[PDB]
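In structure tokens, the next block holds one chain alone, the form deposited in one PDB entry.
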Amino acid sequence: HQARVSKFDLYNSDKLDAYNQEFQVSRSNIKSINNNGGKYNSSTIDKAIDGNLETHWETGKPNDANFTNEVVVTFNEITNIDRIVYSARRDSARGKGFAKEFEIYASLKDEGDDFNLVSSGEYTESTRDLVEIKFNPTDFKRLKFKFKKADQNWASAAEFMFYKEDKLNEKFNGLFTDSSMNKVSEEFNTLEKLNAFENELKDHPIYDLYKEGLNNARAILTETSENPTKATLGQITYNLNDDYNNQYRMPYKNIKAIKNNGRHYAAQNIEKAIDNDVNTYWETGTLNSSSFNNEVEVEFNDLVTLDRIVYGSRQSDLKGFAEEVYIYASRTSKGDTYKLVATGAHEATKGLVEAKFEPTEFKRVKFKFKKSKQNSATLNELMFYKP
């Protein structure tokens, strides 16, 4: 009887309409609405189900020590619903009156106080989010939403939206064994199982959103064992060789994203490590310690086979130079799926250094500063070469 609550990310997708077409209770099925605490001004209760996120209902009576705001939606006919998507008001006072704690009750008739509890839940992350509240699929003629706790008490609702059960969605959420998404569930643990699943999924409205995870599972099933090599590191200048770059350097355009685990100092942000300028650099905000190592992750648009990583520090004084480097590969777009491919060391030097290791396929690369000059970490450039 505990609701599973999460941010409703689908909001920002071009698959939304198509998704709503199949799973949203349509507006022509929502008959009427009322609520026990009136309205403030002309933030009327119809504005809670008017289909427009930019209009809201606000109560005229705030939650106090002795009053709980509730809203009751009547459907045109009995309707099987498993999820509510809800936001608080989204204007100047964004988030005010969010239902931090709520309960959902069903009735199968049009009148009377015969409500039975369907679900309870909380959300503490933010009050400004559009949230998906998921429970056992239940029949409703009337649905009651109680504002058990309402941020700053003046309960509000941009919208309530209602969804039927999405069984293929629920199945897809069982693709992996846990949230680190690094192990395929037994259900899907062969390429043939996975293909069957994908085929099962092809006509679904958000099919294209499931492709990534399916591809991730495919890469995990076909992964080889970790077997890292001692990389060779030396000073190089072939990066100056434009013609050679055209043939052997991975285009900067193949970088999807870069992040790092230690924030940054001042104006030395992480993008400066990949701007094809040896004079700009990223510098961490967090020192290497007994408990911490600086790590940089780069994700690629398209898988790429590389045999060399080229890198440098800030050139002024070589502060943060990677004196010892661990290189990891992942063939997935996300999940804890990195395996160690190489390790090597080099004394701090001006200019750029290559780490050469065995040809490896990368969807993402992690670059770990195992040991670093003055325990800092900087990158003027980070470049990727093919065999």
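So that there is no doubt, residue numbering starts at 1 and follows the sequence shown.
Just going by the entry, 370-378 versus 20-28 on mean CA temperature factor gives the higher value to 20-28. Taking the mean C-alpha B-factor of each stretch as recorded, 233-241 and 89-97 are not equal, and the higher mean is that of 89-97. Annotation for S313, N246, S120, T74: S120 ranks highest, by Cα B-factor. In this entry, the residue among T55, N66, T337, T360 with the greatest C-alpha B factor is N66. In this PDB entry, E295 carries a Cα temperature factor that places it within the lowest third of its chain's modelled residues. In the deposited entry, the Cα temperature factor of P137 places it in the highest third of its chain's modelled residues.
Sort the chain's modelled residues by C-alpha temperature factor and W282 lands in the lowest third, per the entry.
When all modelled residues of the chain are sorted by CA temperature factor, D302 is found within the middle third. Looking at the C-alpha B-factors along this chain, the one for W154 belongs to the highest third.
One more form of this protein exists, namely the form deposited in another entry; it is left out here, but the text below deals with it.
The chain shifts as two rigid parts between this form and the one not shown, and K319 rides on the other part from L168.
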